[PDB]
Structures are given as C-alpha cells and as structure tokens.
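The chain below stands alone and is given as structure tokens, in the form deposited in one PDB entry.
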C-alpha cells in the first residue's frame, strides 16, 4: 500500500509513490524507510506506524516502481515470495540508491520536517541503508540484516554520518555475513556501529517471519530508537 497521490521524482525523471506517515506532533524528523524484497507492504506499514508512535514522521518509497509499481507482497504466500525473489534478483541497486536520495530530499522538505532525516532499511533495505550512508545523504542510517554487506566493505571510509547495523548471526535462507570481515571492516570507522544477534538470522524483526526472534527484534528496535532520538527537537 501507498499513500494515494504521493509522487516523488528521481534523478532520471522516474517517478515513484510512497507510503507516508505524518507525525503526531510537528515539527519532527522524517525517517525514510527502505523496503525489503516484498515491496511496500504490511510490515512496511507497521514500521511507518511504529515510527510515528515514537515521534517521527516516515516515508516508505516504492523502490519496486522501476519494475512493477505498487508491488506489495505477502511473505506468507509462496507464489508472492517467488515474485519477491524475482524482483529482488532483477533489482537495480544503484537506481535504488538514487530513488532513496530523491525520497530523502522529499522528506527534508515536508511542512512538518524539523530539517533532520534518518533512514531505516530492512534486508533488502538494509544493504541500501549502507550504500546511502556511504553517499552521505542522511543524518543517520540504520540497516537491519543488510544482504551483501561484506562485498561493499571498501566503502567503509566514505561513511561520514552515523550508521547502525543489526546483523543476524545465524544462517536462515540467506546466510549470515562473516562476523570477522564485517567487524574488522566497520571497526575502522567509528561512525559505523554494528551489533550481532547470535540467536537470530535475517528477518528477525518481523513477527510474520519464520525467523522472528522477539528478544533480538526488541533489542535491535531499542538500539534503533535510541540511535534515531538525537534527530528529535
């Protein structure tokens, strides 16, 4: 689901929709939520509601609009999961980063914005959160179980604003990243903060997941919220 009428233009004229949550009280920092491989779906809507209940405004852009606008897949439906994997395999990461850039610009300019923008991304969005942190488009970025991070470690020195990452220590469908490669890579840049959840694999923060771990979800969520709080007025 998306907020009807919202249209954000990106770097090449491509336009995409977004699910927008206005804050309970204005002004407030705006959090751009980078979707997982299921599109802007029920978990994404829950994340927007959660952040609004925590004092933020939130914008979840339709990153799948370059392939199939308005895609919102049910992770519990096998055929929709297969569609999610197909869309993910065909996903253009650099274009995703450019769309998130455009969504951040949109976020900074909303009437209720306090001028501060953060980004929170999940697995598919988590990898995007790191790429966005390397570009430096947001004040603060957070990535939950970002896929393929070990491959992007050469970008560690480019991160100039804080970025926090929650890593599942166990393999599930996607393997867990190398604890060693990531810890060493991130350690060189104190603007990067990483936490490991040894009793969880990816998708641990989503209650609809077979990989949901309440204790990991809650601790990660508390770290995310403490990490985003400085953005608040």
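Only residues modelled in both forms are compared. C-alpha atoms forming the largest set that superposes within 1.5 Å between two forms make up the rigid core. Numbering follows the first chain given and starts at 1.
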In the PDB record, does 216-224 or 20-28 carry the higher mean Cα temperature factor?
20-28
48-56 set against 181-189, stretch whose average Cα temperature factor tops the other in the entry
181-189
Specify which of 140, 79, 105, 86 carries the largest Cα B factor in the deposited PDB entry.
79
147, 93, 90, 117, ranked by C-alpha B-factor: the highest one:
147
By its CA B factor, does residue 208 count among the lowest, middle or highest third of the modelled residues in the chain?
highest
Compared with the other modelled residues in the chain, in which third is the CA B-factor of residue 71?
middle
Based on the entry's values, in what third of the chain does the Cα temperature factor of residue 163 lie: lowest, middle or highest?
lowest
In terms of its chain's C-alpha B-factors, the third that includes residue 2 is the middle
Of the three thirds of Cα B-factor ranks in this chain, residue 136 occupies the highest
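FYI, the form deposited in another entry isn't displayed, but the following is about it.
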Only residue that shifts (Cα, 2 Å or more, rigid core superposed) between this form and the one not shown, among 175, 27, 69, 55
175
Shorter or longer C-alpha distance for residue 174 and residue 167 in that other deposited form, given it differs from this form by 3 Å or more?
closer
Quick one: residue 176 and residue 51 C-alpha atoms, closer or farther in that other deposited form compared with this form (3 angstroms or more)?
farther
Can you list, in sequence order, the runs of 3 or more consecutive shared residues with C-alpha shifts of 2 Å or more between this form and the one not shown on the rigid core?
171-179
